[PDB]
Amino acid sequence: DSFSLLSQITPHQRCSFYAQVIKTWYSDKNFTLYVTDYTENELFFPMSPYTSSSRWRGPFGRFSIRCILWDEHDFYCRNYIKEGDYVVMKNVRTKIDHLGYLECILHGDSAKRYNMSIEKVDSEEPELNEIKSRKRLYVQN
């Protein structure tokens with residue numbers, strides 16, 4: 001279970017990573033997360049500081065990725081994972097959206113074929129120090 005930085009992930013692969021949750025949104029169809037580890041990926045959407053919701057507390061530019069959670073992942077996380085929380089995602093599917101941008105997918109896997117998972121990581125865990133350090137670099141710049 002090797003972890004990657006979000007700058008290293010590519011479409012149509014499985015990957016595992018740590019990240020901070022910037023935005024959550026649940027609907028009747030799925031649960032959506034937007035996460036970042038404060039590393040840039042050329043295939044991420046460029047978040048605009050001009051038209052983005054004033055609510056957006058994350059970085060701008062190509063620094064965050066949308067994660068779509070379905071079925072058991074949706075039911076588990078939709079009233080659990082909060083904005084600002086840290087997460088570790090394991091063996092998540094990556095793909096391209098209709099517009100060409102990279103996204104992560106946690107799809108229904110009742111047979112535990114792919115050992116997908118997402119879990120909350122306490123903010124004190126040392127595994128998050130690099131995220132925190134890059135956020136410091138980002139904010140300071």
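Every residue, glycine among them, receives a Cβ derived from its backbone with ideal geometry; neighbour counts consider all protein chains shown. No value in this document is a laboratory result; all are computed from the given coordinates.
Laid out as a table, the results:
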{"item": "FRET efficiency for residue 115 and residue 29, using Cβ-Cβ distance with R0 set to 22 Å, rounded to 0.05", "result": "0.35"}
{"item": "Unit charges at the beta carbon, dipole of the chain: most positive-side option, 101, 126, 52", "result": "52"}
{"item": "Angle in degrees between helix 129-140 and the longest Cα principal axis of the chain, rounded to the nearest 10", "result": "40 degrees"}
{"item": "Kirkwood-Stokes translational diffusion coefficient of region 1-115, alpha-carbon pairs, 20 °C, 1.002 mPa s, µm²/s", "result": "149 µm²/s"}
{"item": "For the chain, size of Cβ-based charge dipole, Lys and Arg +1, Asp and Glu -1, in debye", "result": "300 debye"}
{"item": "Theoretical ellipticity at 222 nm over the chain - DSSP helices of four or more residues, -39500 (n - 2.57) apiece, nearest 500", "result": "-4000 deg cm²/dmol"}
